[PDB]
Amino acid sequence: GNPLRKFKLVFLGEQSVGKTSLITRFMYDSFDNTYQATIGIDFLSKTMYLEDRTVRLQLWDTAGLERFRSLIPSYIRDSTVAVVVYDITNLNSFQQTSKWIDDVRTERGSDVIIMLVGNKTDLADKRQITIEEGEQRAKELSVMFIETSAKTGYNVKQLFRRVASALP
């Protein structure tokens, strides 16, 4: 009965941080233990219902493997939302989110919503970045922030709900 709008979300981050696993958990309420790297870019979608609005979330799931890197600016430009993912056990993946976010702004400027995601919170014994450092980095780059575990499902639904509530 409500108006329906589409919004495209691009998932960005170093290889193996869990971009696809977050999507698989949201789309299929499942988790795959065996790593299957994304070859190029994949498309998935889901409808979300909100008070007085319906949104069709369209997801560009991009590869972290370096050979596909030059294909990614096209999908950033195509998207109004960027989900930049790192791995809380992997300091380099966190540092690189500054580069990912800078590339988003190269393609979109301020005309974009950015969610920084620290994934794999279930690997608590191997954590290399505190939740505080992630929260402060996001505030410094003026982006949203959340920590998740695609493996346990922790905060995965909240990630997409918070993004959907931020849309126009």
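All residue numbers are counted from 1 along the displayed sequence.
Participant: Output the stretch having the higher mean C-alpha B factor in the entry; the candidates are 30-38 and 102-110.
Facilitator: It is 102-110.
Participant: Averaging the C-alpha B factors as listed in the entry, name the stretch that ends up higher: 140-148 or 14-22.
Facilitator: The deposited B-factors put 140-148 ahead on the C-alpha mean.
Participant: For the C-alpha B-factor as written in the entry, point me to the maximum among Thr121, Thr54, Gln58, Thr62.
Facilitator: Going by the entry's C-alpha B-factors, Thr54 comes out highest.
Participant: Splitting the chain's C-alpha B-factors into thirds, which one does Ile129 fall into?
Facilitator: Its C-alpha B-factor belongs to the middle third of this chain's values.
Participant: Lowest, middle or highest third: which one holds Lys6 when the chain's residues are ordered by CA B-factor from the entry?
Facilitator: Ranked within chain, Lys6 CA B lands in the lowest tercile.
Participant: Just say lowest, middle or highest third for the CA B-factor of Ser93 relative to the other modelled residues in its chain.
Facilitator: CA B-factor rank for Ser93: lowest third.
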